[PDB]
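S.K.:
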Amino acid sequence: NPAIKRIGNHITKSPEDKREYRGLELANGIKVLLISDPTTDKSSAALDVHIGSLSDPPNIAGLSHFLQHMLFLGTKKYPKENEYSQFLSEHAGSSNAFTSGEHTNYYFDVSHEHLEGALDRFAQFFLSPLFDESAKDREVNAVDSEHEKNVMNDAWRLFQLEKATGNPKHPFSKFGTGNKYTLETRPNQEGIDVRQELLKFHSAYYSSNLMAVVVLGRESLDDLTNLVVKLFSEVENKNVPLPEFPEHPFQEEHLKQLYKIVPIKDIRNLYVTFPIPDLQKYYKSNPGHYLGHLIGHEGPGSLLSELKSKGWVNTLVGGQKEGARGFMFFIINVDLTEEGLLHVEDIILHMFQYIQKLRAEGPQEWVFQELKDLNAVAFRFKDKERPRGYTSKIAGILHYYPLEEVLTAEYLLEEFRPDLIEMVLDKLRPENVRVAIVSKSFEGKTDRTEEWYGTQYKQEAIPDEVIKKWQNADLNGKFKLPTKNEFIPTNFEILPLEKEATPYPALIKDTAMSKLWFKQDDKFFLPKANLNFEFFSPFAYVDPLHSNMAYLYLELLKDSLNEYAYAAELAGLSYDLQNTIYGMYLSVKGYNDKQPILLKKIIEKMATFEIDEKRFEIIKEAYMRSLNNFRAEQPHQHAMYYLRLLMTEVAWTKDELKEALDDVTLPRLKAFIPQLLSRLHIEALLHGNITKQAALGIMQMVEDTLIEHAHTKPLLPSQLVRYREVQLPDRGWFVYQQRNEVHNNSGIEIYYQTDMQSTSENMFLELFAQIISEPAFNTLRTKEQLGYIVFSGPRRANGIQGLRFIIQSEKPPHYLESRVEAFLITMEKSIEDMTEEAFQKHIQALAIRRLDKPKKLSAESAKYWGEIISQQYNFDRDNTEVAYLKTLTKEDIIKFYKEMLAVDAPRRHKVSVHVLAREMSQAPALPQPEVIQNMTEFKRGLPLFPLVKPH
Ligand SMILES: [Zn+2]
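Numbering-wise, the sequence shown is residues 44 to 963, 981 to 1011 according to PDB author numbering.
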């Protein structure tokens, strides 16, 4: 009554949504939404503060980002640093946060039982954080490492370069991430106490009038309402005026500019930008969504289609980009072919010709109506989100929409306002444009460097006579509006559940040609289906040349199918087609109504495909770069890759693929396809709103189309080989070493192979991984500050398993190696002394994690699909393994550690991948390792495991 100041009438929800909701506004100022899902397996909460990096003090970059790392490391009520992240891992929860221009968003999940405890430790973040002084000095490295990781990333360099080329006076130009220089080194010199400024900032800006909160749990709406006022009405209201940025960072002198930028990767893009007013207030019209939908269209007669036909671009992104309260952007972005790079002036002329077509036709109401009705259906039949992401998302939009309209806001449109559409289109003119070109061909032709990333670039005014030519853009007869979307689903009838329906997928077809798994959706009752198909052919991956052609084949298919499939995707019917090391994979997801039509179109195109010579030469060139560009990926992911290579029977390197790519010629590909298609086996999972006989009907048309157009015949049982994992010797230690030529950081992966997956070995590892998970992050990242990325947990490949550690660091790996090793003895000593109640707490956290129910169809499909592709077929895996997990004693875990994982275990199987940077508590003594010189020699030098036996 007293701490609450207003109560949500009905929160308009989707008719299918079975959770219940209540909006609140506390006397506080805080806007709240509560979600009662009596069935939820995990409770969650999020809090969004409408302040962010855009409000960082000019002389301390990344203060608010640094503040958000800091809130995690202890408060008054709970003073031990990791009490937060520890509580969560012992009760099956996880937590995370992000910082943007105007928001700082914090969120967690946890067992539906331990919501009150978890929410308490979370609420403290906003009442009285410690900002411990020693914790300040450590966690600044984490932020510094977070930046280090991005320095060599092209998307970030570009992100910050935009800001470095607008008004320097505007808060837009601020460096939002911060690093050790700005957060520590600069301020110590300038005589600034950072902890003070952290505290000064928290109190000045972390005010309740600027906070939204979302809590979801099993507890009822009354219980929850009490729980939040208990914990949050005690937050002070300093009545902080919400920052507004009415002036655009792009003024008169910032338009008609051209930017020539050197990338890190070999990529060619064109970025076209128009400054615009904050469209946020017109949300129910979305004039920007309407113009983006058209400019961004990929169907017949679209801007993309003509630009692709000219052979200039491959992909196009168009529409409205957020800025802040008071300013926004409209963008049209394209990648460029070699030809395209030479023809930028023309590409842009085409852009303006398409905009001209829109001017000369004026707003199309049927288009708006089509988008409204699609949204209507989308919203009606939306999948039940996971709590963590849902609370977070909502907590964010509570700042933009009255409490009743939050669930519908970012979905439903209402008034077609043709006048605003005209108002926005009017801003998309040549005199209003900033143009940026990214290409390796500007290497050493640039004369500017951007401070924070070191991005090489050049700034030119666009010649007036060029602006003038674009202003006179006439009508190009190749640009038509889209036609009515004929993929819109109309039939949403959920078919009655069948008499012979199974809880798990039943094997309903078992020929030499087809293995079909089927389950009629029994949990969700949405008019959708997931249709998955693995096709096996030995010719898919027989050698690098063939691997290359497999890839290109499917890439060219999707390219030619794209015009057709775009409309389908917009209507919530999508597909996924890609080559695998055993063949191809295809999945059709979405509304079941028109699924047959698209699927058959795909198999038809697949089996009768006619290559276009120009498309072939263009995609090939892009794949060439794509392969080369791996050198500019991150050390930690180089490490992961190298080891994937070392540990798999057959694996082709990127160099091997790159070299063999020069030999893929047009005819050699035409020949390849019928060869690939002639002998197949198809394993499938069809899962959703379909009957067991519509399923058989699906398989039959898939087969029938293949037999009929590609003369496909069955494979032999003996041809269906899976790959084995390299089998490491007891007491052996191997190191493969390589350098990353792009990042000045190192990566590492450490792998302790245990044994073949079996209920027992599976759960020994999974329990240990659980017990060590949290301490691992806290010791190596939080205490020792080795790097922003520190990972651990299970590794599962080709039926085998083991423990892994991934670290990316400033330190060299030979060192990171001893520190992980140092951590391991510590976890032993810490399990010896570990209390019997702490043990069951963990066993329980694994339990809830594994027995976590799927929220949507796809999560369920993925669980079964994992079981099918891995050829283990254990669909009731969770139950038996969790049931077996519970019987596990504390000394089982110790026996298992002692025998497999310990430094002097009789059966220790260690491989390490050390990726060196661009320029290169007591730890135990380690053996001299055997240094892998050759990946092939190494693989040949030892045995290969069996393959798993199919349950
Ligand atoms: Zn961060």
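In this text, a Cβ means the ideal position worked out from N, Cα and C, and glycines have one as well.
Is it right to say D91 is buried, meaning 16 or more other beta carbons lie within 10 angstroms of its own, or is it exposed?
M.R.: That one is buried.
S.K.: Would you list the one or two residues that DSSP bridges to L629?
M.R.: According to DSSP, which records beta bridges pairwise, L629 is partnered with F576 and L620.
S.K.: Report yes or no: do the region 350-357 and the region 416-435 share at least 3 C-beta pairs separated by less than 8 Å?
M.R.: At 8 Å Cβ cutoff, the stretches do not touch.
S.K.: Kindly give me the distance between the Cβ atoms of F459 and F422, rounded to whole angstroms, as I take these residues to be in contact under 8 Å.
M.R.: That pair is no contact at about 18 Å.
S.K.: Assuming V833 and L1002 make a contact with CB atoms under 8 Å, what is their CB distance in whole Å?
M.R.: The pair is not a contact, with the Cβ atoms about 30 Å apart (cut-off 8 Å).
S.K.: If you count every other CB in all the chains shown that lies within 10 Å of the CB of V467, and 16 or more means buried, which is it?
M.R.: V467 comes out buried.
S.K.: I'd like to check one pair, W560 with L550: are the Cβ atoms closer than 8 Å?
M.R.: Contact flag set, yes.
S.K.: For residue 978, is the beta carbon positioned less than 7 Å from some heavy atom of ligand 1?
M.R.: What the structure lacks is residue 978: the chain is numbered 963, then 981, with the residues between left out.
S.K.: Please indicate yes or no: does the CB of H589 lie closer than 7 Å to some heavy atom of ligand 1?
M.R.: The answer is no for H589.
S.K.: Would you call the region 611-631 and the region 583-594 in contact, with 3 or more CB pairs under 8 Å?
M.R.: Yes: the two stretches touch, three or more of their Cβ pairs being nearer than 8 Å.
S.K.: Using the C-alpha atoms, what's the distance from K632 back to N534?
M.R.: Approximately 16 Å between the Cα atoms of the pair.
S.K.: Could you check if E191 belongs to the surroundings of ligand 1, using beta carbon to heavy atom distance under 7 Å?
M.R.: Answer for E191: no, Cβ out of range of ligand 1.
S.K.: Under the three-state reduction of DSSP, which class applies to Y150: helix, strand or coil?
M.R.: Residue state, collapsed to three classes: strand.
S.K.: For the structure I just gave you, are there three or more beta carbon pairs, one from the region 842-855 and one from the region 204-218, closer than 8 Å?
M.R.: The region 842-855, when compared against the region 204-218, does not touch it at the 8 Å Cβ threshold.
S.K.: Whole angstroms are fine: how far does the CA of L709 sit from the CA of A140?
M.R.: Straight-line Cα distance between these residues: approximately 49 Å.
S.K.: Taking the straight line between their C-alpha atoms, what separation do you get for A608 and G136?
M.R.: Taking the straight line from one Cα to the other gives about 39 Å.
S.K.: Just to confirm, are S132 and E817 a CB contact at a threshold of 8 Å?
M.R.: Cβ distance < 8 Å, so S132 and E817 count as in contact.
S.K.: Rounding to the nearest angstrom, what Cα-Cα distance links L385 and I103 in this structure?
M.R.: Rounded to the nearest angstrom, the two C-alpha atoms are 42 Å apart.
S.K.: Sorted by chain position, which residues of the same chain lie with C-beta nearer than 7 Å to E606's C-beta, five sequence neighbours on each side aside?
M.R.: Around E606: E341, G342, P343 and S348.
S.K.: Is the CB-CB distance between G331 and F373 below 8 Å?
M.R.: Closer than 8 Å, so yes.
S.K.: So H957 is in the beta strand (DSSP E); what residue range does that whole segment cover?
M.R.: Where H957 is concerned, the enclosing beta strand (DSSP E) stretches over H952 to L959.
S.K.: For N528, which three-state DSSP category applies?
M.R.: The answer is coil: DSSP assigns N528 none of H, G, I, E or B.
S.K.: For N534, write down the residues that DSSP places opposite it in a beta bridge.
M.R.: In DSSP, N534 forms no bridge with anything.
S.K.: Can you name the start and end residues of the beta strand (DSSP E) that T825 belongs to?
M.R.: No beta strand (DSSP E) contains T825, which DSSP labels as neither H nor E.
S.K.: Does ligand 1 have a heavy atom nearer than 7 Å to the CB of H752?
M.R.: Not so, every heavy atom of ligand 1 lies at least 7 Å from the Cβ.
S.K.: Could you check where the beta strand (DSSP E) with residue 968 kicks off and where it finishes?
M.R.: Because the chain is numbered from 963 directly to 981, the model contains no atoms for residue 968.
S.K.: Taking buried to mean at least 16 other C-beta atoms within 10 Å of its own C-beta, is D564 buried or exposed?
M.R.: It counts as buried.
S.K.: Decide if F568 is buried, meaning its Cβ has at least 16 other Cβ atoms within 10 Å, or exposed.
M.R.: So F568 ends up on the exposed side.
S.K.: Helix or strand or just coil, what does DSSP make of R838?
M.R.: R838 falls in the strand class under three-state DSSP.
S.K.: Which of the three DSSP states, helix, strand or coil, is assigned to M254?
M.R.: Looking at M254 - three-state DSSP - the assignment turns out to be strand.
S.K.: Report the CB separation of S79 from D152 in whole angstroms; it is logged as a contact under 8 Å.
M.R.: About 16 Å; that fails the 8 Å criterion.
S.K.: So what does DSSP say about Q982, is it helix, strand or coil?
M.R.: Three-state result, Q982: coil.
S.K.: Give the DSSP bridge partners of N312, in chain order.
M.R.: According to DSSP, which records beta bridges pairwise, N312 is partnered with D378 and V481.
S.K.: Should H108 be listed as close to ligand 1, given that the test is whether its C-beta is under 7 Å from any heavy atom?
M.R.: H108 Cβ: within cutoff of ligand 1.
S.K.: On the CB-based measure, 16 or more other CB atoms within 10 Å of its CB, does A419 come out buried or exposed?
M.R.: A419 is exposed by the Cβ-count criterion.
S.K.: If you measure from the CB of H112, is any heavy atom of ligand 1 nearer than 7 Å?
M.R.: Answer for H112: yes, Cβ within range of ligand 1.
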